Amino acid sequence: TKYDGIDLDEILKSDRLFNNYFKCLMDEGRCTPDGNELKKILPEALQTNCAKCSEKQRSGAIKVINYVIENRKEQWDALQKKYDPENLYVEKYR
């Protein structure tokens, strides 16, 4: 899985890279092309387990979501209140 030419594990493990995508998702900074695509699918990923997504979109989104839930907890809270206010992902799929 890659976003904008970069391995996604690599983005997730780097504060600098991840903070760029986090800001994109939080409407606080400009999105890269794949960051904007992640933004489009993130509420579906959280609220329906990416029911209508392609497997590729879904695999990347679930990787991001589970990493952030476990390793970037404050950022997870921000993303969850914005994209999954009913907390459906943690309650109903994970």
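Residue numbers run from 1 along the displayed sequence.
- Higher mean CA B-factor, judged across 22-30 and 44-52 from the recorded values: 44-52.
- Stretches 54-62 and 34-42 differ in mean CA B factor, with 54-62 having the higher one.
- Ranked against the other modelled residues of its chain, the C-alpha B-factor of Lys13 as given in the entry falls in the middle third.
- Per-chain ranking of the deposited C-alpha B factor places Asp7 in the middle third.
- Per the PDB record, residue ranking by Cα B-factor puts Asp77 in the lowest third of the chain.
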